[PDB]
Each structure stands twice: as C-alpha cells, then as structure tokens.
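One structure below.
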Amino acid sequence: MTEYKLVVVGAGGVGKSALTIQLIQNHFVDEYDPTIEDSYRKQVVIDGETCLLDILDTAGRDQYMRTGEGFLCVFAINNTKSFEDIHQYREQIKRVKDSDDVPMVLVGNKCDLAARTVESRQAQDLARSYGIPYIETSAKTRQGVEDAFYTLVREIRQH
Ligand SMILES: Nc1nc2c(ncn2[C@@H]2O[C@H](COP(=O)(O)OP(=O)(O)NP(=O)(O)O)[C@@H](O)[C@H]2O)c(=O)[nH]1
Ligand SMILES: [Mg+2]
C-alpha cells in the first residue's frame with residue numbers, strides 16, 4: 421500500500437511526541453520523556469485510501485530529512501523561542517531536500533493553554549510566507565491532531 425513518510429520536527433518540549441502518541445495511541449502523555457528517535461508505523465484509512473503512516477518522532481538530522489516526504493514543523497504557542505526556531509528547521513529541510521516547496525504544515529501546539537505568547541496571526545503570516553498551511557493543535561485535548569497529520573498527507577498527495 422501507499423506509504424507516507426512523515427517526520428515531526430521542532431524545538432525540545434513543544435509536544436512532538438505528545439502529538440504523535442495522541443494520533444497513534446489515543447492518549448495524552450503528560451510526563452517528561454525526551455526523544456532520541458522513535459518510529460511509528462500504523463495502517464489507516466484517509467479519505468478512503470488505505471495507507472501506511474510511517475512517522476518519525478525526532479529529538480528536539482540531514483539523513484531523516486532527506487527520506488521524509490512531509491514534515492510537521494511544530495512550535496508551542498506559549499514558547500516564543502520555539503516559534504523563532506521554526507525558520508532554522510525550515511531552512512535545513514529545504515537545503516537537504518533541494519526544494520522550496522516541500523510538503524509541510526506549520527503546527528502551533530499546546531493551544532489548550534491560556535498563557536499564549538505567540539499570536540496566531542504571526543504564525544499564520546509566517547505559514548503564508550512559506551506557502552504552507554498553519555494548524556493549531558493540542559495533544560492534550562486532541563484538538564486539531566488528526567487535522568494536522570491528515571492535512572500533511574494531503575499536501576504530499578498534491579505535490
Ligand atoms: N498543555 C499541554 N501540554 C502539552 C501538549 N503537548 C505536549 N505537552 C507537554 O509538554 C511536555 C513535552 O512534550 P513532549 O511531547 O515530550 O515534547 P517533545 O517535543 O516530544 N520533546 P523532545 O524534543 O525532547 O523529544 C510534556 O510535559 C507534555 O505533556 C499540549 O498540547 N498541551
Ligand atoms: Mg519527543
């Protein structure tokens with residue numbers, strides 16, 4: 421079956437693992453557990469198409485960026501530093517893949533938190549400048565999780 425090689429990147433602690441575990445294991449990991457490198461393979465049905473999601477959950481590079489087909493670039497809405505770091509991930513991915521239009525979704529996670537420091541407007545404008553979608557998520561409530569991953573799969577389909 422069709423396989424989608426997804427890679428989740430972003431600053432340490434923004435919720436890359438929490439988002440992935442929510443999608444695949446249907447629960448919120450509310451504990452400290454830094455990632456080195458974890459892989460998740462799951463058969464799913466997206467828009468009627470049977471496919472395999474091969475998700476690489478990374479640590480907060482060139483090798484995995486090269487094989488990845490789509491990227492979720494994640495930052496946390498209560499961590500301005502993580503938002504400012506997005507540019508560096510974006511540039512490295514573009515360089516390694518020799519492409520300025522790589523399937524990608526900008527993800528603003530932890531949207532359940534009231535202590536926001538990154539305005540949705542600034543993230544939206546950045547995404548617009550990259551020509552990619554901006555989606556806010558909460559690995560805690562599961563809001564926007566399937567949306568983020570499925571949108572990424574669709575971006576790959578339309579590449
Ligand atoms: N309130 C809230 N907390 C979240 C959310 N996503 C993750 N967290 C919390 O943020 C912390 C770090 O999440 P984690 O998934 O481990 O982040 P990571 O990006 O995978 N870290 P690392 O790069 O080191 O692998 C955890 O305490 C986790 O519960 C979210 O949407 N909302
Ligand atoms: Mg992690």
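Numbering (our numbering), first residue to last: 421 to 579.
Where is the CB? At the ideal position from N, CA and C, for every residue including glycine.
- Placement of the Cβ of residue 530 at a distance of 8 Å or more from every heavy atom of ligand 2 is found.
- The beta-carbon separation of residue 438 and residue 455, rounded to 10 Å, does not stay under the 8 Å limit for a contact.
- Contact between the segment 490–508 and the segment 536–552 is present: 3 or more CB-CB pairs across the two stretches fall below 8 Å.
- Beta-carbon to beta-carbon, residue 527 and residue 555 are separated by about 6 Å, close enough to satisfy the 8 Å threshold.
- Of the residues 488, 498, 536, 525, the one whose Cα lies closest to the Cα of residue 517 is 488.
- In this model, residue 426 and residue 531 are separated by some 22 Å (Cα to Cα).
- Approximately 12 Å separates the beta-carbon atoms of residue 435 and residue 493; this is outside 8 Å, ruling out the contact.
- Distances from the alpha-carbon of residue 446 to those of 576, 468, 561, 512 put 561 closest.
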